[PDB]
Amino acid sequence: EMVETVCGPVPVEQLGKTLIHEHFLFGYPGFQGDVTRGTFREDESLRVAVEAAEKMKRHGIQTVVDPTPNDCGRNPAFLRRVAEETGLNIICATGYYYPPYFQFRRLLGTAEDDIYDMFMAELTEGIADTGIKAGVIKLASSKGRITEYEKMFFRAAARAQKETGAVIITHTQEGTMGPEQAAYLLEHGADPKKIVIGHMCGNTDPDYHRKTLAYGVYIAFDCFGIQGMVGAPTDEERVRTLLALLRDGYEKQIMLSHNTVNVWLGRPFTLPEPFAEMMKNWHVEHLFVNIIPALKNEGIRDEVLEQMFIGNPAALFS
């Protein structure tokens, strides 16, 4: 029926056309240490975010999932300000990026319990004093493995999902562990229809994807526009991969996004022109402007795309 957004509960029927994975703000853990050179300018950042939101509304986006983790600068009140200004629905996450705070607590024996308690509080009571609840649980695993640290979060996540029916969204590292993540969450009682395995576009072998899809989870091709960095494949390889699965009838299990960071937290930087040109398409219109057109030209039907941006999010949250 309902999903919690940064502006409170909203009917799932009303979510409409949705990007499953975008960041208004994001910083890599440790950004907070770099405050003297990386101080947060709220009014300018709000301007950039409101601009990004409007752009999305231009292409009929009514809802955005912003899964920024707790230790990556998640800022619910700021997201609420963006939503209040634009009418955009924004759903935020509870979760951590892929030690030693939770490692210390593991020494105390309470760590996995504390993580569960955190998920429950943020899903059912509210984030800090913002009075905002998260709508998704955010998980991430490492390249080629789900570490013992990460598994605590996975187990906590599963446990929390059973109580709340919250959606789980995942991050996979460099195209690994898709099936392992799905299998492990299912072992601990999670519901596949409530799970999105993210960053699947980081692997070009459609066999890998089918292995993941066999579990009945959603997968996200959510890194469109990211090329030539962090061992990423090109958008063409993504399209090629995506086409294979669409033709094989998997549309009810696939969702698309860019994983943009519209305001970087911490110290400003400039990608060097080696990297810069390859990333030039990493913005929130790129799906609408460049990717979807190519898909049409390869005979993907509007009924199919609507399953991805409208039907799938709707089913996911219902």
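Quick note: we count residues from 1 along the sequence shown, nothing fancier.
Unmodelled residues of the deposited sequence between neighbouring positions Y98 and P99 number 4 to 9. For the pair 270-278 and 254-262, the record assigns the higher mean C-alpha temperature factor to 270-278. Of the two segments examined, 28-36 and 285-293, it is 285-293 that shows the higher average Cα temperature factor in the deposited entry.
Of the candidates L108, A121, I137, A77, it is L108 whose Cα B-factor is highest according to the PDB record. Of the candidates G131, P192, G189, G178, the PDB record gives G189 the highest C-alpha temperature factor. Compared with the other modelled residues of the chain, the Cα B-factor recorded for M2 ranks in the highest third. Sort the modelled residues of the chain by CA B factor and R238 lands in the highest third. For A49, the recorded CA temperature factor ranks within the highest third of the chain's modelled residues. Sort the chain's modelled residues by C-alpha temperature factor and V82 lands in the middle third, per the entry. In this PDB entry, the Cα temperature factor of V64 sits in the bottom third of its chain's modelled residues, the lowest group.
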